[PDB]
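*Asks:* Sharing run_1.pdb below, PDB, C-alpha atoms:
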```pdb
MODEL        1
ATOM      1  CA  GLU N   1       2.700 -12.289  17.630
ATOM      2  CA  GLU N   2       5.822 -10.257  18.468
ATOM      3  CA  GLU N   3       6.713  -9.608  14.799
ATOM      4  CA  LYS N   4       3.090  -8.772  14.013
ATOM      5  CA  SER N   5       2.901  -6.273  16.890
ATOM      6  CA  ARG N   6       6.178  -4.644  15.911
ATOM      7  CA  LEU N   7       4.979  -4.313  12.304
ATOM      8  CA  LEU N   8       1.486  -3.162  13.270
ATOM      9  CA  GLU N   9       2.939  -0.516  15.578
ATOM     10  CA  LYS N  10       4.862   0.873  12.587
ATOM     11  CA  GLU N  11       1.751   0.718  10.386
ATOM     12  CA  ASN N  12      -0.273   2.638  12.957
ATOM     13  CA  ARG N  13       2.446   5.281  13.209
ATOM     14  CA  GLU N  14       2.362   5.681   9.427
ATOM     15  CA  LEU N  15      -1.443   5.925   9.453
ATOM     16  CA  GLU N  16      -1.140   8.733  12.025
ATOM     17  CA  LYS N  17       1.205  10.553   9.644
ATOM     18  CA  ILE N  18      -1.320  10.078   6.821
ATOM     19  CA  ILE N  19      -4.067  11.431   9.086
ATOM     20  CA  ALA N  20      -1.990  14.519   9.935
ATOM     21  CA  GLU N  21      -1.263  15.046   6.235
ATOM     22  CA  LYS N  22      -4.940  14.803   5.317
ATOM     23  CA  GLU N  23      -6.051  17.157   8.116
ATOM     24  CA  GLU N  24      -3.434  19.687   7.019
ATOM     25  CA  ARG N  25      -4.688  19.403   3.428
ATOM     26  CA  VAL N  26      -8.287  20.019   4.576
ATOM     27  CA  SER N  27      -6.971  23.035   6.489
ATOM     28  CA  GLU N  28      -5.148  24.323   3.399
ATOM     29  CA  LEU N  29      -8.356  23.997   1.386
ATOM     30  CA  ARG N  30     -10.354  25.860   4.029
ATOM     31  CA  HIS N  31      -7.742  28.633   4.007
ATOM     32  CA  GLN N  32      -8.406  28.903   0.261
ATOM     33  CA  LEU N  33     -12.136  29.454   0.877
ATOM     34  CA  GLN N  34     -11.403  32.839   2.461
ATOM     35  CA  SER N  35      -8.732  34.261   0.154
TER      36      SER N  35
ATOM     37  CA  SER M   1       2.400 -13.969  31.655
ATOM     38  CA  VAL M   2       4.514 -11.965  29.202
ATOM     39  CA  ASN M   3       2.965 -14.210  26.520
ATOM     40  CA  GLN M   4      -0.539 -13.080  27.444
ATOM     41  CA  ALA M   5       0.767  -9.502  27.554
ATOM     42  CA  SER M   6       2.012  -9.846  23.975
ATOM     43  CA  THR M   7      -1.367 -11.160  22.850
ATOM     44  CA  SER M   8      -3.155  -8.229  24.486
ATOM     45  CA  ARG M   9      -0.698  -5.813  22.887
ATOM     46  CA  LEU M  10      -1.500  -7.154  19.412
ATOM     47  CA  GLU M  11      -5.262  -6.998  19.995
ATOM     48  CA  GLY M  12      -4.926  -3.417  21.217
ATOM     49  CA  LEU M  13      -2.889  -2.419  18.175
ATOM     50  CA  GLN M  14      -5.556  -3.989  15.950
ATOM     51  CA  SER M  15      -8.218  -1.887  17.684
ATOM     52  CA  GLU M  16      -6.059   1.199  17.217
ATOM     53  CA  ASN M  17      -5.526   0.332  13.544
ATOM     54  CA  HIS M  18      -9.286   0.252  12.975
ATOM     55  CA  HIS M  19      -9.758   3.566  14.778
ATOM     56  CA  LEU M  20      -7.156   5.176  12.502
ATOM     57  CA  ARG M  21      -8.605   3.678   9.332
ATOM     58  CA  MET M  22     -12.085   4.902  10.247
ATOM     59  CA  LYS M  23     -10.610   8.383  10.770
ATOM     60  CA  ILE M  24      -9.064   8.214   7.308
ATOM     61  CA  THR M  25     -12.425   7.335   5.768
ATOM     62  CA  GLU M  26     -13.879  10.422   7.471
ATOM     63  CA  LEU M  27     -11.012  12.626   6.275
ATOM     64  CA  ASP M  28     -11.327  11.433   2.689
ATOM     65  CA  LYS M  29     -14.966  12.469   2.905
ATOM     66  CA  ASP M  30     -13.953  15.889   4.283
ATOM     67  CA  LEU M  31     -11.373  16.330   1.506
ATOM     68  CA  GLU M  32     -13.998  15.659  -1.149
ATOM     69  CA  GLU M  33     -16.658  17.876   0.439
ATOM     70  CA  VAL M  34     -14.331  20.863   0.894
ATOM     71  CA  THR M  35     -12.874  20.349  -2.591
ATOM     72  CA  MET M  36     -16.434  20.484  -3.984
ATOM     73  CA  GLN M  37     -17.163  23.588  -1.885
ATOM     74  CA  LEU M  38     -14.009  25.329  -3.137
ATOM     75  CA  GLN M  39     -14.419  24.439  -6.824
TER      76      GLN M  39
ENDMDL
END
```
How would this structure read if it were set down as structure tokens?

*Replies:*
Amino acid sequence: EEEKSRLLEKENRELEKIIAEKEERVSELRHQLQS
Amino acid sequence: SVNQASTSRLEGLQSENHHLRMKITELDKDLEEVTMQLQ
């Protein structure tokens, strides 16, 4: 379970990066609504 | 008891993984809805 945890920790970190990227994209799109 | 700790750690990371994946599903929905609003 040690390998699995180490790998899953890295997966979760990557998913957090994906989440930040998607939120920033939604923000970019909302900025485009105004201008 | 470090063995039980490792098992708990994995279960917790699995819970976290699901939380993050559910957030992604929500964000994909937001991306589509705002894209439709903008276009």

*Asks:* Starting from the ChimeraX specification (/N :<8) & /M, expand the selection into actual residues of this file and give them as a list in words.

*Replies:* residues 6, 7, 9, 10, 13, 14, 16, 17, 20, 21, 23, 24, 27, 28, 30, 31, 34, 35 and 38 of chain M

*Asks:* Based on the selection just made, write C-alpha atoms of those residues as a tab-separated table (two decimals), in the coordinates of the input.

*Replies:*
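And here is the file that came out, part.tsv:
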```tsv
chain	number	residue	atom	x	y	z
M	6	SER	CA	2.01	-9.85	23.98
M	7	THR	CA	-1.37	-11.16	22.85
M	9	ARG	CA	-0.70	-5.81	22.89
M	10	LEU	CA	-1.50	-7.15	19.41
M	13	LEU	CA	-2.89	-2.42	18.18
M	14	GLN	CA	-5.56	-3.99	15.95
M	16	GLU	CA	-6.06	1.20	17.22
M	17	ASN	CA	-5.53	0.33	13.54
M	20	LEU	CA	-7.16	5.18	12.50
M	21	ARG	CA	-8.60	3.68	9.33
M	23	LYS	CA	-10.61	8.38	10.77
M	24	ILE	CA	-9.06	8.21	7.31
M	27	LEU	CA	-11.01	12.63	6.28
M	28	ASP	CA	-11.33	11.43	2.69
M	30	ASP	CA	-13.95	15.89	4.28
M	31	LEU	CA	-11.37	16.33	1.51
M	34	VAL	CA	-14.33	20.86	0.89
M	35	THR	CA	-12.87	20.35	-2.59
M	38	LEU	CA	-14.01	25.33	-3.14
```

*Asks:* When you draw a straight line from atom CA of residue 22 of chain M to atom CA of residue 21 of chain N, how long is it in Å?

*Replies:*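 A separation of 15.4 Å between them.
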
*Asks:* Quick one: pull the distance between atom CA of residue 3 of chain M and atom CA of residue 18 of chain M, Å, one decimal.

*Replies:*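 Computing the Euclidean distance for atom CA of residue 3 of chain M and atom CA of residue 18 of chain M yields 23.3 Å.
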
*Asks:* Would you compute the distance between atom CA of residue 36 of chain M and atom CA of residue 35 of chain N? Give it in Å to one decimal.

*Replies:* 16.3 Å
